[PDB]
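File shown: model00.pdb. Contents: PDB, C-alpha atoms (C1' of nucleotides).
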```pdb
ATOM      1  CA  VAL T1335     -23.980  33.172 -40.676
ATOM      2  CA  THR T1336     -25.129  36.697 -39.807
ATOM      3  CA  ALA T1337     -24.281  38.015 -36.340
ATOM      4  CA  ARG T1338     -24.759  41.265 -34.433
ATOM      5  CA  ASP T1339     -22.659  42.894 -31.728
ATOM      6  CA  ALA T1340     -23.564  41.966 -28.162
ATOM      7  CA  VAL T1341     -25.355  44.684 -26.188
ATOM      8  CA  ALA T1342     -24.005  45.394 -22.709
ATOM      9  CA  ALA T1343     -26.531  45.846 -19.919
ATOM     10  CA  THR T1344     -27.092  49.274 -18.372
ATOM     11  CA  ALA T1345     -27.492  49.855 -14.648
ATOM     12  CA  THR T1346     -27.579  52.572 -12.010
ATOM     13  CA  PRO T1347     -26.040  52.628  -8.516
ATOM     14  CA  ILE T1348     -28.591  51.950  -5.783
ATOM     15  CA  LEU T1349     -28.453  52.499  -2.023
ATOM     16  CA  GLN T1350     -29.580  49.371  -0.175
ATOM     17  CA  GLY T1351     -30.513  48.985   3.459
ATOM     18  CA  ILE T1352     -28.349  46.893   5.741
ATOM     19  CA  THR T1353     -31.101  44.305   6.251
ATOM     20  CA  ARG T1354     -31.649  43.757   2.522
ATOM     21  CA  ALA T1355     -27.900  43.629   1.865
ATOM     22  CA  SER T1356     -27.507  41.010   4.602
ATOM     23  CA  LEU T1357     -30.430  39.016   3.180
ATOM     24  CA  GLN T1358     -28.998  39.164  -0.370
ATOM     25  CA  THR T1359     -25.599  37.613   0.388
ATOM     26  CA  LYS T1360     -24.145  34.976  -1.935
ATOM     27  CA  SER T1361     -23.994  32.455   0.935
ATOM     28  CA  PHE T1362     -27.374  30.912   1.684
ATOM     29  CA  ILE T1363     -26.104  29.573   5.020
ATOM     30  CA  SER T1364     -25.397  33.124   6.203
ATOM     31  CA  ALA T1365     -28.714  34.453   4.889
ATOM     32  CA  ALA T1366     -30.757  31.586   6.342
ATOM     33  CA  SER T1367     -29.345  32.268   9.822
ATOM     34  CA  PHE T1368     -30.396  35.945   9.908
ATOM     35  CA  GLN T1369     -33.988  36.326   8.713
ATOM     36  CA  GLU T1370     -36.634  34.718   6.510
ATOM     37  CA  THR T1371     -35.180  31.223   6.688
ATOM     38  CA  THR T1372     -38.031  29.643   4.730
ATOM     39  CA  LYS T1373     -37.679  32.087   1.834
ATOM     40  CA  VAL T1374     -33.893  31.777   1.623
ATOM     41  CA  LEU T1375     -34.007  27.978   1.804
ATOM     42  CA  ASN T1376     -36.761  27.911  -0.838
ATOM     43  CA  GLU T1377     -34.788  30.041  -3.292
ATOM     44  CA  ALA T1378     -31.592  28.115  -2.537
ATOM     45  CA  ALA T1379     -33.297  24.776  -3.189
ATOM     46  CA  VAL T1380     -35.028  25.910  -6.380
ATOM     47  CA  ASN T1381     -31.807  27.479  -7.692
ATOM     48  CA  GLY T1382     -29.473  24.755  -6.396
ATOM     49  CA  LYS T1383     -26.997  27.122  -4.758
TER      50      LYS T1383
ATOM     51  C1'  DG L   1     -68.629  56.475 -27.595
ATOM     52  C1'  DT L   2     -65.678  52.728 -26.111
ATOM     53  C1'  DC L   3     -61.566  49.921 -24.656
ATOM     54  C1'  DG L   4     -56.719  49.176 -22.825
ATOM     55  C1'  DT L   5     -52.958  51.604 -19.795
ATOM     56  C1'  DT L   6     -50.628  53.835 -16.163
ATOM     57  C1'  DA L   7     -49.927  55.696 -11.745
ATOM     58  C1'  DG L   8     -51.385  56.354  -7.219
ATOM     59  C1'  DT L   9     -53.769  54.785  -3.675
ATOM     60  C1'  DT L  10     -56.062  51.124  -0.412
ATOM     61  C1'  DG L  11     -56.734  46.904   1.923
ATOM     62  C1'  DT L  12     -54.471  42.906   3.178
ATOM     63  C1'  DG L  13     -50.714  39.614   4.224
ATOM     64  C1'  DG L  14     -46.003  38.123   5.891
ATOM     65  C1'  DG L  15     -41.847  39.238   8.903
ATOM     66  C1'  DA L  16     -38.558  41.650  12.719
ATOM     67  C1'  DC L  17     -38.680  43.056  18.004
ATOM     68  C1'  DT L  18     -30.333  42.984  23.462
ATOM     69  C1'  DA L  19     -27.698  40.166  26.346
ATOM     70  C1'  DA L  20     -26.929  36.927  31.700
ATOM     71  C1'  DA L  21     -30.189  33.813  35.057
ATOM     72  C1'  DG L  22     -34.441  30.323  35.681
ATOM     73  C1'  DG L  23     -37.577  26.908  34.054
ATOM     74  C1'  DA L  24     -43.192  24.840  39.122
ATOM     75  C1'  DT L  25     -47.981  24.311  36.830
ATOM     76  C1'  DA L  26     -53.598  21.131  34.772
ATOM     77  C1'  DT L  27     -55.758  19.247  31.771
ATOM     78  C1'  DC L  28     -64.819  17.442  31.729
ATOM     79  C1'  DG L  29     -68.555  15.267  29.164
ATOM     80  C1'  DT L  30     -69.650   7.527  29.319
ATOM     81  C1'  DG L  31     -73.318   3.136  25.498
ATOM     82  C1'  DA L  32     -73.974  -2.138  26.037
ATOM     83  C1'  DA L  33     -72.826  -6.724  25.225
ATOM     84  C1'  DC L  34     -70.287 -10.808  23.587
ATOM     85  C1'  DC L  35     -66.174 -13.002  21.740
ATOM     86  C1'  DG L  36     -61.384 -13.703  21.318
ATOM     87  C1'  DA L  37     -56.717 -13.547  22.885
ATOM     88  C1'  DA L  38     -52.774 -14.933  25.668
ATOM     89  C1'  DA L  39     -50.777 -14.901  29.957
ATOM     90  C1'  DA L  40     -50.746 -17.094  34.116
ATOM     91  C1'  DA L  41     -51.053 -21.283  37.852
ATOM     92  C1'  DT L  42     -51.936 -25.712  39.091
ATOM     93  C1'  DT L  43     -51.056 -30.463  38.782
ATOM     94  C1'  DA L  44     -48.610 -35.167  37.645
ATOM     95  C1'  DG L  45     -44.597 -37.890  37.551
ATOM     96  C1'  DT L  46     -39.320 -40.640  39.608
ATOM     97  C1'  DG L  47     -35.684 -42.398  44.196
ATOM     98  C1'  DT L  48     -28.710 -45.989  46.184
ATOM     99  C1'  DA L  49     -24.428 -48.397  48.843
ATOM    100  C1'  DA L  50     -20.352 -51.008  48.842
ATOM    101  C1'  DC L  51     -17.685 -53.753  46.644
ATOM    102  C1'  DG L  52     -12.316 -56.680  43.926
ATOM    103  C1'  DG L  53      -7.698 -55.206  42.416
ATOM    104  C1'  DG L  54      -4.773 -51.292  40.979
ATOM    105  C1'  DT L  55      -3.195 -46.816  41.059
ATOM    106  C1'  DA L  56      -3.317 -41.244  40.863
ATOM    107  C1'  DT L  57      -2.851 -37.773  44.624
ATOM    108  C1'  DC L  58      -2.637 -35.830  49.692
ATOM    109  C1'  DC L  59      -0.529 -35.533  54.985
ATOM    110  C1'  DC L  60       2.883 -37.381  58.210
ATOM    111  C1'  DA L  61       7.099 -39.533  60.135
ATOM    112  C1'  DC L  62      11.861 -41.103  59.494
ATOM    113  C1'  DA L  63      16.623 -41.853  57.185
ATOM    114  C1'  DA L  64      20.477 -40.559  54.606
ATOM    115  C1'  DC L  65      26.461 -45.332  60.483
ATOM    116  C1'  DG L  66      30.768 -46.120  62.117
ATOM    117  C1'  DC L  67      34.352 -49.679  63.312
ATOM    118  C1'  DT L  68      37.241 -54.225  62.909
ATOM    119  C1'  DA L  69      39.071 -58.228  60.812
ATOM    120  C1'  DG L  70      40.436 -61.485  56.718
TER     121       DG L  70
END
```
Would it be possible to restate this file's structure as structure tokens?
Amino acid sequence: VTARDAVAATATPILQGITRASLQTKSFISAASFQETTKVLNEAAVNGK
DNA sequence: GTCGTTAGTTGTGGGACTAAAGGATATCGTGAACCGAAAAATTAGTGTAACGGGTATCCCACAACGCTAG
């Protein structure tokens, strides 16, 4: 079996606004109670969070 | 000359907009006629009184002694 070394992802630091950071929290209950409830609940249901 | 690509618009669509109290509204337009459904009202029909013993209970009153002789 021939294998190759795994390639690590590359990324850059990014400054995010407070609204986007609040809306991108790992808890869908917290995000759904701030803004865009339909969108957060949709993504949470499709992804099964 | 011609076809796919990339970046910068441009128009269009979806999503935010303190906290406390309070918190009353007015709401058109009309086509007919018959049948069925069930909910309601009206009508038609039958009846006791004391007695025998014997005994369960009630109220209501009274008793539940003292002395002498063989």
Between atom CA of residue 1352 of chain T and atom CA of residue 1364 of chain T, measure the distance and give it in Å to one decimal.
->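 Spanning atom CA of residue 1352 of chain T to atom CA of residue 1364 of chain T is a straight-line distance of 14.1 Å.
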Provide the atom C1' of residue 20 of chain L to atom CA of residue 1363 of chain T distance in Å, to one decimal place.
-> 27.7 Å
Can you work out which one of T:1348, T:1374, T:1339, T:1381 has the shortest atom-to-atom distance to residue 1362 of chain T, counting only C-alpha atoms?
->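 Once distances to residue 1362 of chain T are computed over only C-alpha atoms, the minimum belongs to T:1374.
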Selection in question (the file shown): the PyMOL selection byres ((chain L) within 12 of (chain T)). Which residues does it include, as a CSV table (one decimal) with C-alpha atoms (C1' of nucleotides), in the frame of the given file?
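The file below, part-v8.csv, is the result:
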```csv
chain,number,residue,atom,x,y,z
L,14,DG,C1',-46.0,38.1,5.9
L,15,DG,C1',-41.8,39.2,8.9
L,16,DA,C1',-38.6,41.6,12.7
```
Kindly give the distance, in Å, that separates atom CA of residue 1342 of chain T and atom CA of residue 1355 of chain T, rounded to a single decimal.
->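 According to the coordinates, atom CA of residue 1342 of chain T and atom CA of residue 1355 of chain T are separated by 24.9 Å.
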Surrounding residues of residue 1378 of chain T excluding itself and chain neighbours under 5 positions, 12 Å, all atoms listed in the file, as an MDAnalysis selection string | chainID T and resid 1358:1366 1371:1373 1383
Taking all atoms of segment 46-56 of chain L that appear in the file, build a box with edges along x, y and z, extend it by 8 Å on every side, and state its centre and edge lengths in Å to one decimal, as JSON.
```
{"center_x": -21.3, "center_y": -48.7, "center_z": 44.2, "size_x": 52.1, "size_y": 32.0, "size_z": 25.2}
```
